[PDB]
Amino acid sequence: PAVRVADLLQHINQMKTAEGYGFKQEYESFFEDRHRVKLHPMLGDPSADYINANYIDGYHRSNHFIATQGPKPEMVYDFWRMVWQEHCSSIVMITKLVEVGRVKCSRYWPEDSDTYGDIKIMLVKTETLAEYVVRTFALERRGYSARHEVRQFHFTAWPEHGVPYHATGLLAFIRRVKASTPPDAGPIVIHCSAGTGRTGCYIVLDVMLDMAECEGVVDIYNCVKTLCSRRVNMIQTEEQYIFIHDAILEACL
């Protein structure tokens, strides 16, 4: 059952009583391909695999996100080919390339320009802020007459160990991506690193922010439950589950 925005602080405090039992029980309850993004296969190896990406519904439209991993080098062409096919104009990346000295994602975009398969990609602008970067790319594809423009919103401030201490920076980032992504747009391609749960947190916040604005209620439990069925994009810790509540609370002031 959904929680009225007016009752959300009460709800959170009740879920925190008895040493946080309510959050623990609800998070653990989540634990015990139709929505795959289709790409036409290309002349190559008949045995070649295809990029794994899944559609996720948003509050206002179906297939609002494509959730995927940061592409391995052998999947970088299929990644940009999917961006092209889907007319994606916003990518969300929620990891540094390197965190605590460990490679979390390989750079899949040019510093200047490069060609991947039949797609030429040029970096046309970088906007660097304290907690995120906006990179603007132009794509050209052999046989096609016009550029396709893509913005990558790269959040750099997520702690390696846990959730952000305050939600304020992430909420500003989400607000920026929403304001930059037309209703005209294709799906938002979103990735982090394998098994961090950050993509799932972002998606739930994106959807619940819209639901709070439009209905004055939030239904985080059923949103996350739906997210289990759709992908390996699953909230990885009880702390993340609580943080989703703390972040929506802040956005509702």
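When you see a residue number, it is the position in the sequence shown, counting from 1.
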(message) Unmodelled residues of the deposited sequence between residue 32 and residue 33: none, 1 to 3, 4 to 9, or 10 or more?
(response) 10 or more
(message) When the Cα temperature factors in the entry are averaged, is it 44 to 52 or 220 to 228 that ends up higher?
(response) 44 to 52
(request) Look up the CA B-factors in the entry and say which stretch, 179 to 187 or 142 to 150, has the higher mean. (result) 179 to 187
(request) Compare the CA B factors listed in the entry for 194, 66, 208, 39 and report the winner. (result) 194
(request) Among the candidates 135, 107, 87, 161, give the one with the maximum CA B-factor reported in the record. (result) 161
(request) State the tercile, meaning the lowest, middle or highest third, of residue 2 with respect to the CA B-factors recorded for its chain. (result) highest
(message) Using only modelled residues of the chain, where does the Cα B factor of residue 96 rank: lowest third, middle third or highest third?
(response) middle
(message) How does the C-alpha B factor of residue 81 compare with the rest of the chain: lowest, middle or highest third?
(response) lowest
(request) Determine, from the deposited record, the chain-internal third of the Cα B-factor for residue 167: lowest, middle or highest. (result) middle
(message) When the deposited Cα B-factors of this chain's modelled residues are ordered and cut into thirds, is residue 235 in the lowest, the middle or the highest one?
(response) middle
